Amino acid sequence: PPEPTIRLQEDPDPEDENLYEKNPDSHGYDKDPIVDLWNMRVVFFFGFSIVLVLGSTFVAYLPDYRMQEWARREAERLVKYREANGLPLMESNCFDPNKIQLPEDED
Amino acid sequence: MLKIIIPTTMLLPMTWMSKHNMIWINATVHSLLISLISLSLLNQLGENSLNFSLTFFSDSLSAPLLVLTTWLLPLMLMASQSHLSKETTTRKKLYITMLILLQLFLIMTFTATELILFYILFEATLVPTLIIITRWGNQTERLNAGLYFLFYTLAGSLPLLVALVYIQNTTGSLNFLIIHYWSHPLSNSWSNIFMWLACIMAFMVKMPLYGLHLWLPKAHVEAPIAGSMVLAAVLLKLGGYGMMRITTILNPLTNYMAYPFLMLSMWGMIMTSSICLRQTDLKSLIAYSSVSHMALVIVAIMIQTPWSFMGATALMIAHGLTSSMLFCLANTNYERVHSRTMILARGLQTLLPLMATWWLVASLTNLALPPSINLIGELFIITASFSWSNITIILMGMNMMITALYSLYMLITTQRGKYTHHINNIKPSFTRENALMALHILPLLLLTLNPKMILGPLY
Amino acid sequence: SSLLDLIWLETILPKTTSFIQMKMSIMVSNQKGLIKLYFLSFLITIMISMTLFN
Amino acid sequence: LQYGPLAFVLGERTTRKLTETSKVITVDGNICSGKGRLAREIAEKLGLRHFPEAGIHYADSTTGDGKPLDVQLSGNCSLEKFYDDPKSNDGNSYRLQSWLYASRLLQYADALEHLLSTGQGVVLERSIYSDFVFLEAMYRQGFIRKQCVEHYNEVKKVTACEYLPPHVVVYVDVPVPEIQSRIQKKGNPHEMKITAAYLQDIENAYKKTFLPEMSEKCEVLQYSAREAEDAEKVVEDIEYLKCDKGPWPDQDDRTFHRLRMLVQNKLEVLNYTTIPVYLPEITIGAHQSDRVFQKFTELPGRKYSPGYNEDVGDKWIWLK
Amino acid sequence: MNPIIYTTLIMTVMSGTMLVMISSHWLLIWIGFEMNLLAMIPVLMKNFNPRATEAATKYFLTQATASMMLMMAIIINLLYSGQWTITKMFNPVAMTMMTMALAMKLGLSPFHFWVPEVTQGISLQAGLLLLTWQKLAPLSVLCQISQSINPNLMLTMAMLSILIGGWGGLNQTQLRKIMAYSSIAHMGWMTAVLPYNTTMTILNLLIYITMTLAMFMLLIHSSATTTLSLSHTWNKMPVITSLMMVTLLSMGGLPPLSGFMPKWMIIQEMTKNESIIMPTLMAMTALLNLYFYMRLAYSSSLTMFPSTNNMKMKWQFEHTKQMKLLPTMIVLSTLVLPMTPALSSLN
Amino acid sequence: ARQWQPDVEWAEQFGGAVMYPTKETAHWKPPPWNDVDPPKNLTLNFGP
Amino acid sequence: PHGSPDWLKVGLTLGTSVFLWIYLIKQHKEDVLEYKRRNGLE
Amino acid sequence: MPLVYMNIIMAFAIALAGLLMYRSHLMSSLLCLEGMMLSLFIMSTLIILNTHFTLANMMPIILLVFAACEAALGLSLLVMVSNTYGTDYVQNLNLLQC
Amino acid sequence: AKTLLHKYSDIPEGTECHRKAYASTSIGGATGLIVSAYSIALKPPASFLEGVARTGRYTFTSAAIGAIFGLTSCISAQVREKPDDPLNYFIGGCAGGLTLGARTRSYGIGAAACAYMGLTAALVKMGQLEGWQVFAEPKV
């Protein structure tokens, strides 16, 4: 059996490289310390400073396009009027029956 | 809507014309800026929708999904920056290009005034994910996982195209607005039954349903961290969005039709939560937890009540964020250990305390601890199911308990106990990983202050 | 985990499809290259079409 | 106007360039024989073009700059290691043999291209013909396996079935003890380690197979060391003989057109030297292949096409 | 051969096709088919070897039988109506025999057996010509007499072609046989819409011809005829492998790639005529074509196969001959979905 | 530590004459690398 | 190999592009004018 | 439709079937093709003469010419096939398989 | 041709069990003979006697499958007193499938036959009821 016991010419599997050994304060971003530090800074500034803070403030102070206070005021004025008239609050029928034309059965 | 689409398209020339060592910095910054731009869409009305043009519209069901899709890209870039270090510039640029194309396809998918355009983009999202899974994958089974992921999807979705073209031939329009205003009842007929099945199964396979959930563990385990993130966070929600959009035409046929699916999901959540208890893999455990959550979302959509829809939307958003965080944590462990098995590396709280805190918060938010939005969706869906039937609660009860169990199990196996004596290459956690976890977790605890922002159009 | 998820759910949809497609491909593609058999099949299908579609 | 079907259609006919002096000739000698000296004098006297024997980096001399590239980027083998350890574990022996055969094939293609495009004849050392004698000796000495010679035979058949044999083959015959003595007198420490059995197998191989097979389709001039010193008699023998038994008299204009299109486009010439048969001595893994290809790409003038390399000094790139 | 002779033969093939396309008399159509048959044979035998001779004689036998059946159909049509103009067929099974002759000419099932053999025997350029240009004339005749065809027989042979192509492509390691089975399946897709809309047939023909041209030119550029021979291309031309993988995905019918446009339209058209089951079955069967395309993509560019040592020398040389239309073909076969409505141009 | 890439054994599966070898097709051989196969003057006696 | 920018091919390419653009502009102007005249706009 | 035309079409069908049988001898394949063209010529000539289509008298000759040219091509091919094997047996062409 | 189709379809579903069984057996025999002819043309196994034995085996298997299909479906439809119900065709279809499995002697192939023939029979019944068209005419 003169076979070399090697299936093919292969590079050895390289060992993992540590970013901390060649550079303390390595931030886990890049092997180049300058690009490292600037990438850390831009990620922190454009994520925590800009998006999470300004965006949260913007979402918090969004105008009432859902019309919740509008609906509350409409209901307040409506109930104020109905109680005075003696009307029984909200009607059972969503549409007035006089303008609905039922089909006569005659069965 | 083009104010979001055009910057996403411009992300590609910017990446390809970038300096060889400035791609990550440029991509993250501009992705975060595009995410900020996406925030404008959140200010919805109680009226119809935000109809920008004939091609794209916005909705308070579409807006949270769009915001999450935009927010996911910087996180995916930061997660992928680590293991692509020994890689040529061209292939890193190709990876970033694939991520950008995936975001663009998802953004166009979520607006999609027309159903055929929605289907085209819904299936266009398939190619970048397949290439990411089968190219930058570590194990030899990534090819089989890619084949499973492709063919399950296409087998589910090919009848959907025929159903859609038939529906347009009969009705005359595939536009969402026209369909909603001109919806007419479907008679209980065999042809209508098969049309319902063709309309539903394509979105059912991607949730995925308990019967059809096999592709997901393979795809999640074999994909890189960015692939796992995008699969768990956004790609699973496409089925739920499609069901919520297409179910309007289906009634009144859904009530009779829904039983096989309701039973499959109510038993499959228990089955998958129980499977999570006996697992030797982090990624598989997270995948099965995702399957359980999406089975609950399927139940919510099939019940088809307002509370069901709000709970489904909230649960989809919360699960996306939580599962992305969990996969990121598992990948941080794997990049140090290179084994991706829970029982090997133990007692990591002693060595990495802050990362253990992140693990605790992620496991708590997966456990649906109040007042997190996870439990908001959980409780809305549970209440809707109880109104649907007072017996469902029992199953739901089991699910909750089982969920908590495996969550804390995953917290106890890897963080508590005694550290393995032999492993010595556990270096201190980097600033990048801690920033990744913080950016994953802070939006959840911010959203729990304003739940209505993610409760959908039926709020 | 093992009985249903790893075995039977796998047996039903994916494995059955793989086996059926493999068998069909093997049957169809296994032709020895003899135009004798090809043209005998051609005669058979010609006569069948003459007898069936009119 | 690069040579193609259009040139052949319009004016380009290579039959008119032949002036009975082309006469492709290959000279073969045993190790340490002065085959090169005889061939150079033949080329000078007959007015032909001499081709130095193809080495490890022969292909490097024709692409880009003539300076040879790194051993790992070109050949991935060395003759010195073969002499030191002919039974090396990494299979350098058959890798050396295969690379040398491929270089000889490229050299033969270049010589044929020059002969067809100019009409001036060429003189060659060991060509793709008679290159198998080293294979046979290496097999008999146990340096290589039987799978290696099977792969060599496959590649040699597929490649050499497409070319015209040399008009005249010239052999210089020298005794084994004499060539060993020349080996010590040479002074090369690596060459000192050649065993007498290896030379005897190689010397024996030329006589047993090469002469008989080429005598039926070529013209052979067996010469000894003394009578090979004077090239006047050699050139006289070359001129007196007339070739009418080989395939060359049967060729015509269209066959020459096909052969000239064949010898050009060296990529298709070397097409079958990389056939997908996996022998451990020559197969290379994906990671090593990727890394070595990237290193070759990072060479100064190899990233782009020859005329599109900015760092070398090519100008007007944006308008070519 | 002599380049002048090759140019003359190519022009004769094209002139026969044009004579078929422009003539209104059945005899002139048959004469054009004869001219194309006569001029095609030497093209298949440019590289002389027993394989090419066997492929050429098989092709000649099949095409001569098809021509004889075509003439018999023409003569029966003349017998039952003294007409030579190419119009409605005017008769029973005379039309059946006409359809069988045109199906054998096109290579549709059950007359598909000769396509893989002839494609494997001949070289890549001859295969390109055979699989691209040799479909124009029979499809033109079928489009002309489409209102005559019995839908049952045409649809049966189309479904058979799709099924046989899908199943037969799964078992192949040779690239030329893969292309032949792809051609069979694509012709099956083409002829299933002839009874309903010939414009869709022509659109499918254009898209398929573009994709096949791109694929064959990519295969010629990286001169490989086997899966493993193609697996060595990444070590020299990775961009070629990437373009090839994109083209293969396009040929699989994946959106948003160009190859999705025909099937989509065809399915759409078939739904207008109250037909659902056949479009469904056609899509589910084209899934098999996608599977073997995806296997080829796995072996081509998504994974890096082992290489050989001599490959290093190939790193030092560049292709002398460059194909000018290859870049355009790739773009047209990849990125023309948004221009879909342009099919109203009656292409 | 390194992404998996196909080895020689993986590559060999696609080198057969056909995919999915069977007992009947086991004896089939791949076509030659170039599509050429091995190819594998009378006498007259004018007597009186 | 060792080649200069072929000014013949460059000139032909630029001339073809400019001619095509000019012809396209002229065709568009004529089409607009002809459409206006046919529909009686101006 | 008289019986003579039916007999001619039956003859053509018999020739086509015999071509499709392939016992051996590809020369017999060419013979079957030539019998088919002969039947085509005969029946086309009978139909044209009967209806007095004067200008159609061109067509049979044309057909004959073209068909005979085809035969020549086929014969050439046969020779080369034989020139490889020495015999024109059909089963010798088993190199190409589906 | 379509003569067998007309013979089978003309008989009412809930009556004349023997006539339905005979029509189904004839259709099965024709299908088996066609399949046998295809197999013989594509693959000559060894000889004339083996070929005719193979044709007989295939034809009788298909005829038995069709006979069991017809008898079981018709009997189920008659006893259930609910005609035009695809469930009867499901039951009869995989009674035929189970008979096929018994003939081939494999439990797995028997269960697969029940699944994939009951579903097919139910689909054919649904198509007959709802008017689905396998080969639709060109409407427009």
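For clarity, chains are labelled A, B, C, D, E, F, G, H and I in written order, and residue numbers in each chain start from 1.
Keep in mind that, in the parts below, a residue touches a chain if its C-beta (ideal position, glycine included) is under 8 Å from a C-beta of that chain, and two chains touch if they have at least 3 such contacts.
Enquirer: Shared touching chains for subunit B and subunit G?
Expert: Where subunit B and subunit G might share a partner, there is none at all.
Enquirer: Comparing A-D against B-F, which pair counts more contacting C-beta pairs?
Expert: Output for the comparison: A-D.
Enquirer: Centre to centre, by mean C-alpha position, how many angstrom separate subunit B and subunit E?
Expert: It comes to 41 Å between the two C-alpha centres.
Enquirer: Suppose each chain is reduced to the average of its Cα coordinates; what separation in Å results between subunit D and subunit E?
Expert: The separation of the two C-alpha centroids amounts to 43 Å.
Enquirer: Centre to centre, by mean C-alpha position, how many angstrom separate subunit G and subunit H?
Expert: 57
Enquirer: Could you state the distance in Å from the CA-based centre of subunit C to that of subunit H?
Expert: Their C-alpha centroids are separated by 34 Å.
Enquirer: Quick check: what residues of subunit D touch more than one other chain, meaning two or more?
Expert: In subunit D, residues 76, 275-276, 278, 280, 283-287, 306 touch at least two other chains, as defined above.
Enquirer: Got the subunit B residues that touch at least 2 other chains?
Expert: Answer for subunit B, listing residues that touch two or more other chains: 151, 338.
Enquirer: All pairs of touching chains, please: list them by chain label.
Expert: A-B, A-D, A-F, B-C, B-E, B-F, B-I, C-E, C-F, C-H, C-I, D-E, D-F, D-G, E-F, E-H, E-I, F-H
Enquirer: How about subunit G: which of its residues touch subunit D in the complex?
Expert: Subunit G reaches subunit D through residues 1-6, 10.
Enquirer: Which of the residues in subunit E end up touching subunit D in this complex?
Expert: It is residues 1-4, 6, 223, 226, 228-229, 231-232, 235-236, 303-321 of subunit E that touch subunit D.
Enquirer: Report the residues of subunit C in contact with subunit F in the complex, numbered from low to high.
Expert: 22, 25-26, 29-30
Enquirer: Please output the residues of subunit E touching subunit C within their complex, sorted ascending.
Expert: 58, 61, 92-93, 96, 100, 110-111, 113-114, 117, 150, 152-153, 156, 164, 167-168, 170-172, 288, 291
Enquirer: Across the complex, what residues on subunit E touch subunit I?
Expert: 151-152, 155-156, 195-196, 270, 272-278
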